[PDB]
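What follows is one structure encoded as structure tokens, with my remarks underneath.
Numbers and lists here come from the model and the stated rules, or from a named source; no laboratory instrument gave them. As a convention, Cβ positions derive from the backbone with ideal geometry for all residues, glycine included, and neighbour counts pool all protein chains shown.
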Amino acid sequence: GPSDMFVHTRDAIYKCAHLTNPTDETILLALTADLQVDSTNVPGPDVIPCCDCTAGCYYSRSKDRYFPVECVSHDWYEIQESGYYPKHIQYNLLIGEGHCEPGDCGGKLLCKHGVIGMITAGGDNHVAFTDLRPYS
Ligand SMILES: [Zn+2]
């Protein structure tokens with residue numbers, strides 16, 4: 001569960017858009033958030049809180065462990081060119097100090113109340129999460 005690179009709530013599945021494709025169960029697609037949301041008939045264990053938290057813990061796939069992390073909100077952020085996207089702007093980010101490598105996208109960010117984010121980009125001791133709360 002903690003290692004899953006997606007968020008699975010009672011009614012929906014949240015994935016990083018570049019890691020999937022639109023399907024007939026897609027209910028939200030936002031490339032400005034690198035986010036795809038699909039409806040699902042099978043209930044999931046995760047909960048997206050309506051809290052205000054910016055601090056918690058996240059899964060790092062490259063290190064294969066969880067890290068504590070403290071984040072700051074950014075309305076928008078410049079993501080550098082990768083392999084799936086050109087250099088572009090993304091919206092609603094949480095940014096914290098922490099390790100991040102290519103391949104870590106989708107790793108969950110949790111506060112006490114539930115999952116609030118997913119790794120979407122990161123670099124030199126910075127990790128960027130899309131805040132899922134605006135989109136739930
Ligand atoms: Zn919280």
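List of remarks:
- Restricting attention to the stretch 27-46, the residues that are loosely packed, with under 14 Cβ neighbours inside 10 Å and assigned to a loop (DSSP other than H, G, I, E, B) add up to 6.
- Residue count for the stretch 122-136, restricted to those that are surrounded by 21 or more Cβ atoms within 10 Å (Cβ to Cβ) and part of a strand (DSSP E or B): 6
- Evaluation of residue 100 against (1) in a loop (DSSP other than H, G, I, E, B); (2) closer than 22 Å to residue 9 by Cα (one fails), failing number: (2)
- Scan of the stretch 55-86 for residues that are surrounded by fewer than 19 Cβ atoms within 10 Å (Cβ to Cβ), within 13 Å of the ligand (Cβ to nearest atom) and under 14 Å from the mean Cα position of the chain (by Cα), ordered by number: 57
- Number of residues in the stretch 92-111 that are free of Cβ contacts under 8 Å to residues at least 60 places away in the same chain and either in contact with a helix residue (DSSP H, G or I) (Cβ under 9 Å, 6 or more places away or on another chain) or basic (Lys, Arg) (or both) equals 1.
- Taken over the stretch 93-116, residues that are β-branched (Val, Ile, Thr) and within 15 Å of the ligand (Cβ to nearest atom) amount to 2.
- Residue pairs whose Cβ atoms lie under 6 Å apart, separated by 6 or more positions or on different chains, with the first residue in the stretch 40-69 and over 30 Å from residue 22 (Cα atoms) and in the same structural domain as residue 101 (by CATH) and the second of a type in the set (D, E, K, R) and more than 10 Å from the ligand (Cβ to nearest atom), are 55/70.
- Filter result for the condition that a residue is touching a residue at least 40 places away in the same chain (Cβ under 8 Å), crowded, with 24+ Cβ neighbours inside 10 Å and more than 16 Å from the ligand (Cβ to nearest atom), over 89, 119: 119
- Any hit, the stretch 13-24, residues being loosely packed, with under 13 Cβ neighbours inside 10 Å and closer than 20 Å to residue 133 by Cβ: no
- Filtered residue count, the stretch 1-26, keeping only those that are in contact (Cβ under 8 Å) with a residue 24 or more places away in the chain and part of a loop (DSSP other than H, G, I, E, B): 9
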